[PDB]
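Chains here go by letter, A, B, C, D, E, F and G, matching the order in which they are written, and residues are numbered from 1 within each.
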Amino acid sequence: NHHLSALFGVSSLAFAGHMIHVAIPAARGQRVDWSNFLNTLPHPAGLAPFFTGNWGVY
Amino acid sequence: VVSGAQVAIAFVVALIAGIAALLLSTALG
Amino acid sequence: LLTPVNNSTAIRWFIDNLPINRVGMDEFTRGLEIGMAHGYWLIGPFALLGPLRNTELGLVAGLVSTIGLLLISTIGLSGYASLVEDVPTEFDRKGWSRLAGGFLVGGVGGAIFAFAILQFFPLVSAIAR
Amino acid sequence: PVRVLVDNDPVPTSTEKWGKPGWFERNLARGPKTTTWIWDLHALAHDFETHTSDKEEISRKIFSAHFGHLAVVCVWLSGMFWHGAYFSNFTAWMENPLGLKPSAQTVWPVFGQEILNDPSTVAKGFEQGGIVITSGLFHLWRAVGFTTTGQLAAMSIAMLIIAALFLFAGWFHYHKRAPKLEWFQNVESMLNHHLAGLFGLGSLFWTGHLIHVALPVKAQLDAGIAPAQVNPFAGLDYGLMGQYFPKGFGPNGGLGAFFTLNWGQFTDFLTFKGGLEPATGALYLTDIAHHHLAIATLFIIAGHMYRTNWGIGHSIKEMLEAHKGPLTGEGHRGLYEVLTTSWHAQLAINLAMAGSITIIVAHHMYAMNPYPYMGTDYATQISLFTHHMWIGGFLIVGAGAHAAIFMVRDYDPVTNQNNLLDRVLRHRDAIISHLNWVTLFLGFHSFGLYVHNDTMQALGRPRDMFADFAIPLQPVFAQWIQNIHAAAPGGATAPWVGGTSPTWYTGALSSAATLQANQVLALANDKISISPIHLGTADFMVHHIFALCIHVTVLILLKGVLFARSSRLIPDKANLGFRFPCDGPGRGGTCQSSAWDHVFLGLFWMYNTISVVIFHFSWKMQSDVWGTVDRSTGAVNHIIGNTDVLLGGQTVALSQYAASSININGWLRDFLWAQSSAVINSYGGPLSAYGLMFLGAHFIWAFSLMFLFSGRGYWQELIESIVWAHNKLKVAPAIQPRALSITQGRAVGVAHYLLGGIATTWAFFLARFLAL
Amino acid sequence: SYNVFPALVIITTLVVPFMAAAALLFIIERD
Amino acid sequence: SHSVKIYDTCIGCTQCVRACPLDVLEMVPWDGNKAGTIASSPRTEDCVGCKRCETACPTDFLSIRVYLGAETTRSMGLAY
Amino acid sequence: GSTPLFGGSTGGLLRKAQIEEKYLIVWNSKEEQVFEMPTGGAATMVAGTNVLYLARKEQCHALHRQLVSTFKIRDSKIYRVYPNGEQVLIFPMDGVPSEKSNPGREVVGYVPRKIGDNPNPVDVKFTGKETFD
């Protein structure tokens, strides 16, 4: 239960977090690092489409 | 660049990993 | 009192196999290894921070400086060795005396060897040029 | 379980005991036979534990004595407001805080001492002038909103009422309603009330003064209204509050914004600025108000942590018993019993903290000046730093004394079995020998650098020195910390902090010599309030001197605590007490082996410590920070001004601290000899009292050495021949003259050594900075 | 006219004090 | 070892014997005082010279006297 | 008997206790109870015979003073232990305490005069004889 959910699942979820917050903006030419990632939206609508189920905005 | 201060910092971090490895390897034997 | 600093196993193995404690050594060879270790590193502060450090004879001055420091240290150790009287083999009077002789030979030798490395380290890359 | 147990009228209020001094202790109650009795009376008078074994009676005396001390402080504060009200130029200083020197002590004209009244304090209302004061009281009173001397007089009267209230409660809670012992042991209730009530509501009520008095008074003085015309109740009128603070006191109403949690309206008068206001050189008052509001919230919150009478909260005893490990035995078990049954254990902690906080106050006040225009009052800045450095050093030594008194008097082996206290005692030889080593390391590798530099300079070898112009020892860790804090306001880790102290901004410079006017904070009198403080080789060297002096002072005081009860020398030292001269000339000689004698020796090393700190502060600020700016060149002219280091001879320009403080001859010539010219030339003018105090303190210091260097057996034999001459002429007294005891002779010596040495520097500092 | 013997300074101020200290050590520590 | 001498002014109060942290001293029977006893110093090789015995002695000028003599390991109070 | 319960300290025996002399203090205890070590720290005495090795006689006599004043334990015995292994009883010597007078002791250190009748130092000049003879 722990290796599937956390060691595989959460680690993969965290990597999707790295790709969306850091690696995809770097490919766009936008430098996101520790000094600015708290104040940099990975998407302009940020987290409002996620909780309301309107997921196609992403 | 990696300045000379950062090389020295890296060897201090490596020394701490070295004593940690020393603790583990004697507890294992 | 029994502490983790007093009781670590590969710390105990290391100290037990330093040449002052290592089983099977003669006190001369004990002193020889100790001197070679100390004389090697001792030239470093003398050569790099001494008064002639910015001239071309700075290494030679640091070498003769280190030999002077080891000779005075040996006077204390050889004098200690003549006066101990206390315990058997390594703390024998002759035992400490052979250590004092080995220390000076190794010490001067360690400084000369460290001198030669610092004076001729360009040679280790001389093949490429 | 938290109740109030009080015995009613336990002690009758009568003057019968005043006819018999020394009634409280069994040796002294037999009356004087020798002069030793006279000194014994004073030394034992506040040692309440020698007077009785009843712990409850000791706790009652302490509680009542605390009210008497608070009444003394309030009388002292009442006097400060009185002398500000009636014997000061506060009215003229309020109109010109940068042009007139503050004075609140004027001198009667007999024997010619009215020479101590000086012009540059003479103004209207204060015709004769007076002594320039360096306590900073005028800057504090102006900051908290005092505009007139009639307001200071009402504050003087209020402090006398608080004093008479405090003094009455000391009579009340000793002679009328004295609490029982279990009332004092309610430390969870005491911490709840002192955190939430004293510190929490004290800060919250002070925020209310800051919001409704200090902020609108400053708003009126910044508008240009003269302080005689300033309405002090202007912060109580909501309409007049509206014009200074349009958002916080607006149509979007003030208390309406509070209860709807619309606190963003309040950013008019509550900010997060951080830095100093460029006109006053001081912190923003809206920052100070938000500070006290934020720490009031945290302190009121902190005062609900401990369990009293409603189930919830922490039990300290169960918390201490849980924090134990394998490396530390039984851990913090028994420390609850120590700290609730030993007044000395609590005093040792609370003196250690109060002394350390007072030192933090000294550092934080110069660098983050809270009071407008005080940063250009250099004699005030020097005095306040030095005063709180001395107070903090004395209290830390007292922490060492009462930790030792705890070990002699209140330590119990049954309470401390394999706990933290028991395990420290079981390796006291390991602690002290390592502390012995590190003081020797620090002393060789810090003071020896100065001696190296003295010798290299004398031998004509300046390239062999430890200096910025030679072999550098850069303090790279402190420069790194300065870089972090320079970048932090507006940067990533404090994005909405608008500034910080200007001392951090040393990025961007490699010496104080190359300082331009845009980097410094100068006021309208063109004097520098504060600047970036460059740290170089000289600051590396003097900081390891600081580390030496602190570690030796720790070594002496901790050796006194850890060996208070026993040593390999004296195995039953605890039976001799805290304060005994020796155990005789045997065992080689055991003079000064008591824990008291470590406090005696620790006072000199505290003296040595604080003397270096304040000498460092004085020279470094004069050479690297303070001075004048020129409106041409953007040039920073420090008070001292830029030595040229020869070296080649291609001259190298450094600040005088960086060029000269790296050896002892520089400290002797450029600091002590050069800056004493004010105090030794002060005669015939108004600083002549400082010249007299400078000479008189040298005398007292020298006089102390008679006591420190000699022994009482000489003096007792000398008294014998003198008592013979009084015996011969029927003038011998019944109270037989004795030489001072061995311990008292040490105490007299260290008191006069400290008094003479500290007052010398006081006269030196104040004559230096009030003359230039 | 600068008449010094540097080797006499080295011998009399460095060498024979260290040797006198060694000699004095043998005197005070023997037996 | 220090010399601990007892003079004939001893009143046999035993206060020096109780004061001594090394058990150097003891009371033997005597006839020179009303107590019938006098301090004695049989074990002065343990005497450290602390003079606690002299401090406890009540007679004007004292009946017990410690003379600091040759120093030993015992008399210097060394645990090493 | 056995050692008191003590976790060890740095204030105990040194190489003198291996090469010159150490000291042994023996006492009986009726109750297991906590006492302060003269070395520094707290130990617990067993309910039985207690033996403790100490560096000096003064440390042994200090513990005996603590055992009398605090715990009413009277019967403490102190031995001097030599490095070959010999024990010599040194306290109490004759079984009777030192403060109580005992017929059978010899008077040692007695000078049959008051202290102000000692001879002058000029009288004993050029001899090892002292004025306290």
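Everything below uses one rule, namely that a contact is a pair of C-beta atoms (placed from the backbone, for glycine too) under 8 Å apart; a residue touches a chain by one contact, two chains touch by 3 or more.
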item: Shortest walk length in steps over touching chains, chain A through to chain E; value: 3
item: Top-ranked pair of chains - ranking by C-beta pairs in contact; value: F-G
item: CA centroid of chain B to CA centroid of chain E, Å; value: 49
item: Cα-centroid distance, chain A relative to chain C, in whole angstrom; value: 60
item: Centroid distance [mean C-alpha coordinates] between chain F and chain B, Å; value: 64
item: Touching two or more other chains - residues of chain E; value: none
item: Contacts with two or more other chains, residues of chain G listed in rising order; value: 7-10, 55-56, 58-59, 62, 65
item: Where chain F touches two or more other chains, by residue; value: 21, 48, 77-80
item: Pairs of chains found to touch, sorted by chain label; value: A-D, B-C, C-D, C-E, C-G, D-F, D-G, F-G
item: Chain D residues within the chain C interface of the complex; value: 327, 426-427, 430, 461, 464
item: Residues of chain C defined as touching chain B within the complex; value: 8-10
item: For the chain B and chain C complex, residues of the former touching the latter; value: 22, 25-26, 29
item: Touch list for chain D against partner chain F, complex; value: 568-569, 572, 583-588, 590
item: In the complex, chain C residues that touch chain G; value: 1-2
